[PDB]
């Protein structure tokens, strides 16, 4: 029993993306060749996670369910739940309390795109840590926007601040977290912040003080993207297009990852790629086996 359950928090309205998000849900927007939701979903599968709860707005939840179903086609077990109002990342564990039960869990933001040659290994370690938590961070130019993590002369994380007026560093904690079961009771005791939200940073600070928090780095060989603005969104799509078209590889293709993790076998892949063989998406899969 380890981090066998995951949650994808895909709520919000994406107002900064208007008018593109007036007709399409942000997490359904394409990132080159696939819907945005495929990326965070692929991140959890890479960690060996099959039981995944997707939390979204009452309007967008059914659209994700139509696209993905129960995930059985990829050897997954997808569930869904609505978030009435975006009260904060931490509320994910409140809404997913029954789903999580007594197991470990992982949380990823539905609009964060992760990629890196060593990503699988990086998360393998996070999954094998049954007590405590693991967060990920990387350098940015606008730390005041995200949760910040400060290290010491050695290289240990000693502080965390949610959007500090004067950041202690430029290392922001990304939207990917791995917790043990104690995270549920933590979120239930949290109180609203200055902005009236249950902060994920308040939970991570506790694991830190207990000395049970790992802070893995997503630097040097990792992709650092943002889907928040029209400009950042297209940059993200260009990144994916560039690596897929120039290096001949697929990034966050759930059918491929499901095969690699042995969620589905070769026969199943061919069955899935059959109907999709009209474009290179299905052809790549047919070549894979």
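Positions refer to the first chain, counted from 1.
A.B. asks: Regarding 231-239 and 260-268, which shows the higher C-alpha temperature factor on average in the entry?
C.D. replies: Taking the mean B-factor of the alpha carbons in each, 260-268 is higher.
A.B. asks: Decide which of the stretches 141-149 and 210-218 has the higher mean C-alpha B-factor, going by the entry.
C.D. replies: Result: 141-149.
A.B. asks: Using only the C-alpha B-factors in the record, can you name which of 71, 116, 101, 192 has the highest?
C.D. replies: The listed residue with the largest C-alpha B-factor is 192.
A.B. asks: With respect to the C-alpha temperature factors reported in the PDB entry, which of 181, 169, 112, 77 ranks highest?
C.D. replies: In this record, 169 carries the highest C-alpha B-factor of the candidates.
A.B. asks: What third of its chain, lowest, middle or highest, does the C-alpha temperature factor of residue 251 fall into?
C.D. replies: Middle third - that is where residue 251 ends up once the chain's C-alpha B-factors are sorted.
A.B. asks: Relative to the other modelled residues of the same chain, rank the CA B-factor of residue 135 and answer lowest, middle or highest third.
C.D. replies: Ranked within chain, residue 135 CA B lands in the lowest tercile.
A.B. asks: Among the chain's modelled residues, which third holds the C-alpha B-factor of residue 59?
C.D. replies: Top third by C-alpha B-factor.
A.B. asks: Place residue 164 in the lowest, middle or highest third of its chain's C-alpha B-factors, as listed in the PDB entry.
C.D. replies: Highest third - that is where residue 164 ends up once the chain's C-alpha B-factors are sorted.
A.B. asks: Ordered by C-alpha B-factor within the chain, which third holds residue 175? Give me lowest, middle or highest, please.
C.D. replies: As the PDB entry reports it, the C-alpha B-factor of residue 175 lands in the lowest third of its chain.
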